[PDB]
Every structure is written in structure tokens, then in C-alpha cells.
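# this one's structure only:
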Ligand SMILES: *[C@@H]1O[C@H](CO)[C@@H](O)[C@H](O)[C@H]1NC(C)=O
């Protein structure tokens, strides 16, 4: 799981938001993205994944906001089970500001899913002045 | 400009309020009267700018 897309219609007629952590840097682009109907970065060789299909937006038209920051710490390679990593994010859009808060806790093991009983507060990560309204969000993956 | 400065635009067809501090680019032709227009520059189908 790498990024997210936010919008209200997502058909190159309303302003759209994209966030990607897959690249070497964290990239946030508020643009008039024309997402094609196949938002996948995973279909690759028989057991490996690459950074292919990096143009899932078929058109990047007249648009405004761009931002690059340092990457966030993920793990390496692919494993089955032993998911030590656990990631939490909260996204809000209030008073014309897009607020993203983040938290990452490693070293969790249990046989069932659906989170433990943990008391973990969330630190503020970024506040952005995107200045749009959003109605539907779709997760991205690689 | 005495010769005509049309570069400044404004919106007057939304039928919706706004929260503080956002911009909206609605290039699509607004429809009023609850009848599907599906056309361009028609009656009761006005350009929003
Ligand atoms: C971007 O500029 C082109 C150039 O004419 C214009 O046709 C288009 O409407 C503009 N789009 C936005 C969102 O400003």
C-alpha cells in the first residue's frame, strides 16, 4: 500500500489530489488528473513487483499544486506473515486546509486481524493549503 | 484597458454555498429547471463564467 487519491468526480472535470510514497520521495500533487479505470501498480512479473505504470493518470492538465518531501520509512522486500509494521493515518479537510496526521508502530504479532487494544495518540504530520472540496477517496497499491 | 480587458472572470451560477478559503473550477454548463439539458448554449443552460 503506497498512496491515495482524493476527489469528488475523478473524471478530469474536477480538481483532484494524489499522494504517493512509492517513489524515492514523498510526492503530493493537487492536479486535474484523469485517472484511468485501472488504478494498479502491482501487476508485474510472476513473483516480483516493479515501479511500472507510473502514468496511471492519462492526462495531467492545467492545474496548480505540487509538493515534494522526504520519504517515510517502510520495510524491505515482501514477506508472508510476521507483520511487525502497523501504520495509522487520519485525513481531515477543515477550514480550507487538508490535514494529514500519521503514526507508525512496529513489532506487533498476533494471529487475528482487526487491530489490538492500544492507546496510541497521533502526532501531526502535515497541513496543506489545497483549497478544494473532496467527496470520494480511493486507495492505491503497488 | 480602454480597448477591452476580458481576462478577469467571475462565477454567478452555482446554486451552492461555500466554506471559507477554497477555489472551484466548474467549467461545465450549469443546468436549471430540473430538465436534462445535455447540450451547449441552450435555453436555461447558461455558461457559468
Ligand atoms: C488551462 O488553460 C487552457 C488554455 O486555454 C484553458 O483552455 C483551460 O480551460 C485552463 N484550465 C484551467 C483549469 O484553468
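That came in fine, so what should we check first? Numbering: from 1, shown residues only, chains lettered A, B, ... in the order given.

# switch to C-alpha atoms for all contacts and neighbour counts from now on
Will do.

# List the contacts of the closest residue to residue A:31 other than its chain neighbours.
The shortest distance from residue A:31 to any non-neighbouring residue, by C-alpha to C-alpha, 6 or more residues apart in numbering or on different chains, is to residue A:63 (4.8 Å). Contacts for residue A:63 (C-alpha atoms under 8 Å, 6 or more residues apart in numbering or on different chains) come out as A:15, A:30, A:31, A:32.

# which one of the residues you listed has the most neighbours?
residue A:15 (28 neighbours; other C-alpha atoms under 10 Å in any protein chain shown).

# quick one: the nearest residue to it once chain neighbours are set aside and chain B, what's the gap?
Among residues not flanking residue A:15 along the chain, residue A:32 sits closest, at 5.1 Å (C-alpha to C-alpha, 6+ apart). The spacing between residue A:32 and chain B, counted by C-alpha to the nearest C-alpha, to the nearest Å, is 10 Å.

# Just confirm residue A:32 contacts residue A:8, I think it does.
No. In this structure residue A:32 lies outside contact range of residue A:8 using C-alpha atoms under 8 Å: 11.7 Å.

# separation between the residue nearest to residue A:31 and chain B?
Taking C-alpha to the nearest C-alpha, one finds residue A:63 at 10 Å from chain B.

# For residue A:70, the count of nearby residues, please.
Residue A:70: 10 neighbours (other C-alpha under 10 Å).

# Provide a list of residues in contact with the residue lying closest to it once chain neighbours are set aside.
Leaving aside its sequence neighbours, residue A:70 sits nearest to residue A:25 (C-alpha to C-alpha, 6+ apart; 5.2 Å). Contact analysis of residue A:25 by C-alpha under 8 Å, 6+ apart lists A:68, A:69, A:70, A:71.
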